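Accompanying notes for the structure given below.
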There are 4 protein chains.
Amino acid sequence: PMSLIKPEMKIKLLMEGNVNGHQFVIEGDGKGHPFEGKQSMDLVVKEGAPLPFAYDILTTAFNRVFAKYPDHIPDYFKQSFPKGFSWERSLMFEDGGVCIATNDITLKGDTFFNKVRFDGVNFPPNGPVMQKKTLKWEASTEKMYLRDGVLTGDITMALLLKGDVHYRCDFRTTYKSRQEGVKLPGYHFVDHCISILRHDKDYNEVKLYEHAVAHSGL
Amino acid sequence: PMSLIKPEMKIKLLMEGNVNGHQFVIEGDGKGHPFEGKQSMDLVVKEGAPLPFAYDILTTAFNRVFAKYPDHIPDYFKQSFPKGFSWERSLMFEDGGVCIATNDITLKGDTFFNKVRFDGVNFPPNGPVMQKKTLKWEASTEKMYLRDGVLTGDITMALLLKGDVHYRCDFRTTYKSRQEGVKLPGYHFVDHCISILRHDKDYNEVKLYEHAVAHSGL
Amino acid sequence: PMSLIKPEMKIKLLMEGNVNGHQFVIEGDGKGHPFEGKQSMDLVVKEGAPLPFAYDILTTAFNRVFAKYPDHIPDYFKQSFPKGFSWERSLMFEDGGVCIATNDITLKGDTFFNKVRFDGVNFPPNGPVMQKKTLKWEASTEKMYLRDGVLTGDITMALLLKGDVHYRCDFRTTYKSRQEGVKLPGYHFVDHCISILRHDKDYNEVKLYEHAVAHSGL
Amino acid sequence: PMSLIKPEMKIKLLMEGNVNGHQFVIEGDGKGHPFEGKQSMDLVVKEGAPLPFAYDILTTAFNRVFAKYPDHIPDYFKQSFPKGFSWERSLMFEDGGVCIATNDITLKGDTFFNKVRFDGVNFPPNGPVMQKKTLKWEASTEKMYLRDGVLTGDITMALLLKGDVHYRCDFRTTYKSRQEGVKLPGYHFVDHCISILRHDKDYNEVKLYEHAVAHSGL
Ligand code: NI
Ligand code: NI
Ligand code: NI
Ligand code: NI
Ligand code: NI
Ligand code: NI
Ligand code: NI
Ligand code: NI
């Protein structure tokens, strides 16, 4: 595919989730610059407010199209349109918490639509997630490669916690395009930095931003 | 609590799930002998038939009330009524597949009602689960203990596959009672044996059975 | 093989180890009843005394011959003589500690000789292992099966700590016989209970005991 | 400490190891440019030749001093002299193989001396490691942070195998300086690229090279 994605795109998102039994719905309205690998979004909790867990666990669920890919690495994501692609992710936290997030991404006009599901279980009640002790995800480098023919990104993630300590989470995301004839990339990397730019007291309203750049390491 | 659960009880269940993008709904009608630790259930796929993955990954999601507890070990489950209890489980397969299952169990008359959710992601497309190469779960021994005050069961599970080889899965289930004043047990074990007694060609109809016995090891 | 192992056997052992940089040597003199699955041993720290870490992490390194096997399950271990067998084990603790233990077991007369190596790394300095806060390993059930043709035992292990909490460790042991024509068992279980019967203040002298019984579950 | 490490340094190394029961000794003679983050080494198998497993599993055991650190990130390694530092590492492969590597690094004149130990267990006999099917480690990005006060590096590593597929290994290295008053860095990254430049048929003689650069991501 010869991508027709534009330098400026809009984003609409709906997330339905359940973490440690707490049900919630979050709506997102955003935009981004696909070729610059930058995007931002306004998130609003529509059901389940106020959330009783760390908002940070949800943020990476709020689209690799927004990553700056150099010409020498096939861009699986920008090639995946007009039909779109979906992804599945496991988030395994070091204290036993486990989450699964999925997103089905489609395109209508210049807007990407995202149908997101997020489920989390086994978080210790007095742990940093249920006690809202997280400050941010540190920047990261995602390792992209094919597993049984499916593009997969593995990441060593870490949440900085109050008290200046880290809490590790291992990510595995599988990406599946619905577009025919996509050229698959070889082993590569995608640097990321996700940030909550601002938020209200209970995180009912959050401004999120991500910068991502693909590269060949070394 | 002084349990009023009877020697014969009925079971009603509804599971909504999504594995590797495949959505499905399964209804269960069963019964069991709580004090003998035995139960059986008739399962029918109501939506999403025929399932494109190994039915076995779902079976343990289809109630520890059905486990023979000796008098010297507090029975967290039989004490959890009339209000009921819920559980959350992570299933981590050795080839990357990850599932989360949850069940909210309630009681009406002599019938346990089960609201079950099952989500699975990252299964390799040519793996034993997506290729339906499983034969059964082997019997197991669940290790029960408290983690940050929450009763937790960890298990070394294994699926026997065609070709006489095994496929490992690690289970962690957290159990949370809604009943006040429940007496918590110390570290103990629960032996299990779950079996599909019979099924039709595509597993649209399955007869399931479980035998479970709690003990103190040694 | 038709085992000539006797109902009463002796044991000689030498362990060379290094945990978090601390080098040590421990000698063991013991005995056991192979067909009853019971054994005991006197252990003496010969170098590296006093150990600065929890002695309990070492104890399972101090022979599955000492397990009561029923007639219907092939006994890989009692069949492994006179040539002997060796085993390798990874111990993965939940806070990042990782140990590898190995033992080459031989037989001379009525005495099993054990050449043991134990290495442990990445234990947090203020963790329960380096701070000697363990009380005992809980009893366990080892799941025995073949992995790529090699007998393997996976176990959900747990150390009881001071303060009435548990610290999890996952075990994987691979067993390899040097005896020709050994009949391999199918999937089965081995219940264990290991205990330090008594010890001096710094654990320079320890009396250890293990009871183990193989079975088919259910 | 105000580092006196020079732009050109020499390296002497001795590794004693045992993988899946195979004992070996390898000697290394090399050199590097600490401030450029580049080093190379000539490795010779002195005992245990020819190795029956993939040489690649050993290569990262053959010193973070050789990493280009920018001025804004404290360099734990170049500050660790003249007394030196040591490190411990767990290598957890996706098919069950587990290795532990350790290195005690000292300095005499302009030469770093390395006392290395490498132990590996539980590798499937027909797996890529025991069958020598690896081609190289892909480049990587190590995530550096403090865990219970100890500098730790976690990495998502991957070995490229014959047949154009990847084999994952998770690394955790803990670094411990013997030098007093070292300024600890905050969360950061170290990009790496390790390569076998050339080797003889059985890998008895190997020319190894590494390029590494520390950065703050984004
Ligand atoms: Ni084209
Ligand atoms: Ni804030
Ligand atoms: Ni009472
Ligand atoms: Ni059948
Ligand atoms: Ni015979
Ligand atoms: Ni004592
Ligand atoms: Ni200074
Ligand atoms: Ni070559």
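We use all heavy atoms of the structure for the numbers below, so side chains are in, but hydrogens, waters and symmetry mates are not. Residue numbers start from 1 in every chain, and the chains themselves are labelled A, B, ... in the order their sequence lines are given, proteins ahead of strands.
Under a cut-off of 6.0 angstrom, the local environment of NZ in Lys115(A) is sparse, with at most 12 non-hydrogen atoms contributed by other residues, nucleotides or ligands.
In terms of heavy-atom pairs under 4.5 angstrom with chain A, the leader among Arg89(B), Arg117(B), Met92(B), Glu88(B) is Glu88(B). The candidate with the highest count of non-hydrogen atom pairs below 4.5 Å against chain B, out of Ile100(A), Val98(A), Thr174(A), is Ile100(A).
Of all heavy-atom pairs spanning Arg172(B) and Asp95(A), the tightest one is NH1-O, 4.2 Å.
A side chain to side chain contact (heavy atoms under 4.5 Å, CB included) with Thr102(B) is found for exactly one of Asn18(A), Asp119(A), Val121(A), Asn20(A), namely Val121(A).
Proximity to chain A among residues 141-168 of chain B is limited to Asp148(B), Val150(B), judged by heavy-atom separations below 4.5 angstrom.
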